[PDB]
C-alpha cells in the first residue's frame, strides 16, 4: 500500500526546474522524474509553469509540485490503490484532473505519480521494471527485443545555436549484432565526427547542442550529412550505420510555408518553401544519403502534406508533434496514412496507461514505435526499461554525450547483460521490432 506521495523541484539537463515525484510503499521509496521538451507540439498535454519572471526565468514548477503535494497526495493515499493496476492508477489521476489536456493539475504533476507507481508495482512483483512494462502492455517476452539506438550526433533547430533548421541528425547502427556493439560503434562514429567537425568548420563547431551532438554553424542539411557519412567511413563502419532525421518542421512553419532560415530574425520570406517544395528537398536527401527514417517532415496539423509525401516515401515516417502520443490523434494519422511510426513520449500525453495504449494502437495498425526522451532530460532512466517492455526495436535518447543521454544508454547495456540469451537485437528489423 502507498503511504506517501511526494514531489519536489529538481533541475533538468538545460538548467530548468522539473518535477520529481516519490511514492512510498512497503517495498521502499520510488522516484520518477518528469522530462521537458523544447520544440513542444501545440497538442501536447499541459506542462504547468509558474510564469513568475522573477524566479527561474518564469519556469518554476512550484505550482505543479504543489498540485502533487496538496491535491493528489492525500487523495491518492486515501484511495488505497493497487499500484500493480496501472489502469486504475491512471484512471484515478485523470479523474482527479477532469480536463482533456490535464490543465487542472498539469501533465507534469500527473506523470511522475503514474511512472512512480509503475516502479513500485515492479518492486511488489519482484521483477525488473522492463518485465513489468511488458506485462502491463501484454507484450511478448520470448524473446525480448533490444532497440537500435538512434543517436542524435549533430544538433540543429531549436536545440543548438546556429543557422541549421533541421533539428536532429541521428545515426542508427542497424548493422550491429548486439546493443553493446551498436553503442561502441555509435561512440566511435561520434568521436570521429567531433574531430572532423572542428577541422572542417572551426573549433567552436565541435561544442555541443542540448542533446549532446556537435553543433556546427551551417546552413544546409547536406553539410551535416556530409560530415556524418565522412565520420561513419573514417570510423570504419560503412554499411552498418544508417541515418535518421527529426525535421521538427512545426518549429519553422509560418504562413502555410516552411522557413529553413527560421533562426534568422530577418529571414527572407521569399525563400520559404511550400509543402511540395519541401518534399522535393527531402527526396533529394533520401536519394543521396543512407537515410532510413524521417521524423516530423511536415507541420503538426498539415495532414494533406503528410499523406501526400507518405505515398512516395519508401522509408520509415515518424509522427511526433503530429500525434503527441495521443491515441485519438494517432487514429487520425493511421486512417490518413500520414506516417508509419509513432514517436512515444510519456510526457506528451501524461500517463503511462495512455502511452501504452498509443503504442498498442500503433502496433495494431502495422506501424513502428520509437520510444523517445525530451530535449530537457534528467538522470531518470524510465524510457530504457519502457522501450524494452514495449518490444519496439528502436529508441532515440541522444548523442552518446551528456549523462542525461548516457544514463538511458547505460541502462540498456545493463538490461542486455541481464537478459543474455533471452533477448535479440532488432538490428535491421527495427521498424517492426514488435513482430520479431
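Numbering follows the first chain given and starts at 1.
- Query: Which is higher in the entry, the mean Cα B factor of 410 to 418 or that of 6 to 14?
  - Reply: 6 to 14 has the higher mean C-alpha B-factor.
- Item | Mean C-alpha temperature factor, higher of 344 to 352 and 80 to 88 | Comparing 344 to 352 with 80 to 88, the higher average CA B-factor belongs to 80 to 88.
- Query: Which one of 121, 330, 234, 225 shows the biggest C-alpha B-factor in the PDB entry?
  - Reply: Of the candidates given, the C-alpha B-factor peaks at 234.
- Query: Looking at 132, 198, 308, 283, which has the biggest Cα B factor in the entry?
  - Reply: That would be 198, according to the entry.
- Task: Report the third (lowest, middle or highest) to which the CA temperature factor of residue 258 belongs, ranking only the modelled residues of the same chain.
- Result: Its C-alpha B-factor, which the entry lists for residue 258, ranks in the highest third among residues of this chain.
- Message: Per the entry's values, where does residue 240 land by CA temperature factor relative to the rest of its chain, in the lowest, middle or highest third?
- Response: Middle third - that is where residue 240 ends up once the chain's C-alpha B-factors are sorted.
- What third of its chain's C-alpha B-factors does residue 295 belong to: lowest, middle or highest? Tercile = middle for this residue's CA B-factor.
- Please rank the C-alpha B-factors of the chain's modelled residues and tell me whether residue 423 sits in the lowest, middle or highest third. Ranked within chain, residue 423 CA B lands in the middle tercile.
- Message: Is residue 170 in the lowest, middle or highest third of its chain when residues are ranked by C-alpha B-factor?
- Response: Tercile = lowest for this residue's CA B-factor.
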